[PDB]
Amino acid sequence: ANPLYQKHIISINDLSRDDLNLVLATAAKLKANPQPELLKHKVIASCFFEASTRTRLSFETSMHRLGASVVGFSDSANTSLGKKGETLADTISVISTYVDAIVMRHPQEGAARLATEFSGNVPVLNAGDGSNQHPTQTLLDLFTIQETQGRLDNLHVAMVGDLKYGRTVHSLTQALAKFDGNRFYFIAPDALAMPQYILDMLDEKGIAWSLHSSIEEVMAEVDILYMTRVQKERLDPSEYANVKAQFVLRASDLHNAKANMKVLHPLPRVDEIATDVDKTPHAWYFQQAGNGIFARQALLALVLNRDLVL
Amino acid sequence: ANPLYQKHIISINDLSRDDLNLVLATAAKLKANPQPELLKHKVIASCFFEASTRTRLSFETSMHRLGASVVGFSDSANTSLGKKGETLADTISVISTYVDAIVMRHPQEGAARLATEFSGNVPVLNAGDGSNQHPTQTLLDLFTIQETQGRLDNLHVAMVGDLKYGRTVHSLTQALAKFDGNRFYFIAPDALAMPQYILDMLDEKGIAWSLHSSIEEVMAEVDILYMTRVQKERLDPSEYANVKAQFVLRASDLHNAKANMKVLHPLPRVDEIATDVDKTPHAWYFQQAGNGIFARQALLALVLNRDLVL
Amino acid sequence: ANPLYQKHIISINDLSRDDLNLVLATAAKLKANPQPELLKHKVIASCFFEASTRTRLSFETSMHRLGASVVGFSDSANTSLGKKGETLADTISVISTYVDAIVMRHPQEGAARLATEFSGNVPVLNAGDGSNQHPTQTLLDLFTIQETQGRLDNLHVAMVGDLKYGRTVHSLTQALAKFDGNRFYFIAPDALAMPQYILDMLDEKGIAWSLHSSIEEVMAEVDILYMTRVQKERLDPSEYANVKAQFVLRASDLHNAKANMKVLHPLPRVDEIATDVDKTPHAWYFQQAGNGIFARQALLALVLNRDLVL
Amino acid sequence: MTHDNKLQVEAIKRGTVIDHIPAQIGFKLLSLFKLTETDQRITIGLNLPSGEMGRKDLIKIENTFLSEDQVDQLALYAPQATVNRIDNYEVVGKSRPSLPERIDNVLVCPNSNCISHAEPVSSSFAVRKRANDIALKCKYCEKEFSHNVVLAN
Amino acid sequence: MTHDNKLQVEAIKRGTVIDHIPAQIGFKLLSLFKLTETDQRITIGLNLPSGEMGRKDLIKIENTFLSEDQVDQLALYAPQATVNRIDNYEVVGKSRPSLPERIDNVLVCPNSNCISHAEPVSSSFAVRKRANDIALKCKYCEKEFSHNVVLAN
Ligand SMILES: O=C(O)C[C@H](NC(=O)CP(=O)(O)O)C(=O)O
Ligand SMILES: O=C(O)C[C@H](NC(=O)CP(=O)(O)O)C(=O)O
Ligand SMILES: O=C(O)C[C@H](NC(=O)CP(=O)(O)O)C(=O)O
Ligand SMILES: [Zn+2]
Ligand SMILES: [Zn+2]
């Protein structure tokens, strides 16, 4: 039994470095040598109570690539939770008596953690719990960063945009902070800054981090430029001034960008990255998404398969 | 014929110090000796295409106090301008063939002005045109200020809150600027700072003005503390960060205030003046509103009655 | 100065039998001999923050019949209280500096009483305060009962329908209870029963009252059959079963009805009274509403005029 | 003023002492009447041995004097209570609560639609002695409530 | 035993004595801990002169020990408070409340979008010391706040 067998993937905060590396090493193995029937007789629930394109499709595609079946919903408007008023607890109590695993994305934070208390030995994978965590997204980012930078330590990482409601940066920052000598450049408007708990944590580990008002400033030192979208669906009325993109990346802003540097971005983009960047060698958000298939195949394999992949 | 006979009252910028004092002079006479029949056979249109409680009621009350009749609307949803798509020009082309005077408040700036180009010798009185001008509000203010301070020259006046959209402070500022040695203190959030045109105008006349980040700073020098509400209905999406009052006046903040000081405020207030202030001798916004009656009566009498009031 | 000069008219509970008789005595006088210029230089506010057809129009008509002017609003949607978030205390604080009296109808109970706390010496008249009281309606009803019954004592009055949320029946029961020998018959659903504070009040005075399941039971004893509409706009979600009229009076149910009996009804009706009743000699709800003019003229006259009507 | 007794309370001058508070009521008066929002020394004894009441609560507040209207408010929750005013250790005054006509700015109208809420005014109720409870009539909405249901704040 | 030596509050037989409670905090603990919901004798002293602090609150409850009544929690509202277990009129046990790793049930997560609200679960926060401002991390939403934002909810 590998370390991740039958474990809940809820928060990066609960995962070790050995766990993350375990996932990436597995993704590479499966990417190199596919295993079409690894999960042959498994049925997995794909429960999206919140909108999604890349996460649900890649996850569901990953499952099929491993031979497992998928059931679920991509809108809590057809479930008895919305059309008949039901608690997440009751919904999980029943679904967990049907399936072998539950991948879930929820609008409220804590949903995945709440879910584990109601799914007796049926693994729960957090596909994002409203602005809090997004573990798998980080596994995919780790994989990609490694693929293009050759490593996960001693890197200059900049995260731009909505960092307060960005569940992706919360996980990513915590994960990269588990490795040695990484430096963070946070570029986001005041009203949407990086939560104190992430900063305090960085300090406790002696990790170096700094704030900046523009991308140009850090553009020549960054190995990874992680752009993000403003979480308009999680903003409070008194923050609607930030709904628009304050930081826009254009093909020209990359003239003095390191050769190796790669631009990433959990894809739902709304002009934070001008399409003219797509053509440059630095654009890497579409290949990033593609890495979702490998990171997620490895995760499912480790969670639902006791013996490590050969 | 007095000087304002049949004149349009659109912007304070078009009135002279003479005109202002004329109105105040008349306002004092009518207050002391009412004239129930001065406008006996006049029919006035009270046209409000935008919300109003104080301005529309005191105006209409003033008309009845002088014996005139009133017609109109307080909502442009019943008029054929909204329920049938109609231009303000047309709405005025017809209404001006029915009444002797037109009092109007509109959501767009310039409405009052535009109106004068379509009301053949029927005088138009601006009751507020968007975030631009509010002439009669100023008259009420000057009356109140002269009443409580004994003069309109050499005063220390502070204006707090939304100054960018406050049509009241624009008018009041331009009007006080017509008198000698007045000093201004603007206490507003960067996003809602006093327009540049007002400031350049104060400069051109050698008027002294300073910006301040708190009321405590100026609380010892001011004679008039003029509070204003955030004009939420006029804010741009990118300014919703300001919708909440950034400066709240409480009764404790008045400990070092000059004995003669008076707190004024057009009125719809919303948490920027604690109600515990109402009990203090400095609160004077309700009385301020009471004077709306004398200021508006005078204005109507001077505009529609040829001979000066005895 | 007559007893009701400059007095607030809030709740029947606060008026005496003398006061009532005075209003009725005055209403009769003015009805016999109109006085078109009694309130000649008065301006009254007609403030309805809730719907009304009868009360507001009859009140304003009564004002005109006495020569007073009217300003106000029939919908709190155009006022700054709604379009700008404003407390009633502030609304009354400014309106009371314009007018000679305020007639108000409000959705929340206690509204009128609160108003009296913010209108220094300007009388406040309750035109209805969200399911609590309706003083004027009662005066109208008493006038009607005395006109058709010859008296207000030793009558058999039955009240059908929504007695819980029927502000009209709360006021009418309390007033009739100020007269000798009246007997009440309350016919209403269990969920919409007459308030306990009303029953306790009747018990304290030794007034006889009893409940009944139908109109047929009492039809032959009643002198006044007071029908009411179900106050749907005030019912709670758990009472919507009562929204429909459970007791419906039809022309045929009046066969064993006392010759003198009259069917009364505040006027908004929704099938509680079949239109075939309109033609019977017992139908008296329209002439009842008609009496609203004389009751209200008298009320305005006594409150705003020091000398009793000749 | 006590020496030859078995009681464990002693030494207090110039203040107020509310006695014979029925058990489980001393804490309610304390919170319900904001009696502990002061800088003055307070001494409370809950479930103290009582000759007749069996058990009783006891509140002492130095340098504070409840008026006649305040002492009467206690009658809504502790009718049997006894109040003594103190000074220089001398218990100059002694009195008893008597049910008031009104009780202002203390309770909150249970009515969700009562105007008194989102408004610049303090609550107020007419007090009416009823059987088994006390009826409170909101001065605004005029609805009557059981004193066992009307909350504080 | 313990007699009076210029200290007007020293007498009880077996129970708990919570000392050094900061002013205006003694009434809170009485509430949160539902300490008065009992038939046992309780003595409370508010605004007591403290040569130790300046002005302190003091509580004494007979035949009642607060070990499962969470000294844990008490560590939050009254960090400097001291808890002594009494017996035979003498202090047999004395201790300082120590900050817990967590707190369950009592608190409520400030986060209005936290899943904890609409669901059948008990609250839980991980306690962590910063600088005269304890931070609390919600078990579910993982968001963190200050005890001053959570406790003064
Ligand atoms: O990048 C974003 O704006 C949102 C982010 N997006 C994704 O993970 C991709 P998707 O929503 O298609 O699954 C998330 O928080 O889930
Ligand atoms: O509404 C304000 O904040 C200020 C000012 N207010 C008024 O004139 C009072 P009202 O809107 O009730 O007529 C305005 O510009 O309309
Ligand atoms: O509406 C009812 O059923 C009774 C009563 N009706 C009236 O006053 C008539 P109106 O609403 O037209 O003024 C009321 O309480 O408002
Ligand atoms: Zn009430
Ligand atoms: Zn939470």
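Just so we're on the same page: letters track the sequence lines, and every chain starts at 1. These values consider heavy atoms only, across backbone and side chains, with no hydrogens, waters or symmetry-generated copies.
Residues of residues 6-13 of chain A lying under 4.5 angstrom from chain E, judged on non-hydrogen atoms, are A:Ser11, A:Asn13 by number. Within residues 90-119 of chain A, the residues that have a heavy atom under 4.5 Å from a heavy atom of chain E are A:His106, A:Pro107, A:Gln108, A:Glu109, A:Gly110, A:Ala111, A:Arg113, A:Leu114, A:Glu117, A:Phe118, listed by number.
How far CD of E:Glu142 is from CZ of A:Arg167: 12.5 Å, rounded to the nearest 0.5 Å. The CD1 atom of E:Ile115 lies 9.0 Å from the CG atom of A:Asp129; values are rounded to the nearest 0.5 Å.
Among residue pairs with one or both ends in residues 62-115 of chain E, none qualify as ring-ring contact (aromatic ring centres under 6.0 Å, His included); sequence neighbours excluded. For residues 107-119 of chain E, there are no side chain to side chain donor-acceptor pair (under 3.5 Å) pairs, not counting sequence neighbours.
Shown here is E:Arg130, whose CZ atom has more than 12 heavy atoms of other residues, nucleotides or ligands within 6.0 Å. With a 6.0 Å radius and a threshold of 12 heavy atoms from other residues, nucleotides or ligands, E:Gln80 has its CD atom at or below the threshold. For A:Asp190, the CG atom counts as loosely surrounded, since its 6.0 Å shell holds 12 or fewer non-hydrogen atoms of other residues, nucleotides or ligands. By the 6.0 Å contact criterion, NZ on A:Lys205 is enclosed, its count of non-hydrogen atoms from other residues, nucleotides or ligands being greater than 12.
Taking all atoms of both residues into account, the shortest heavy-atom contact from E:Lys137 to A:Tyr197 is NZ-CD1, 3.9 Å.
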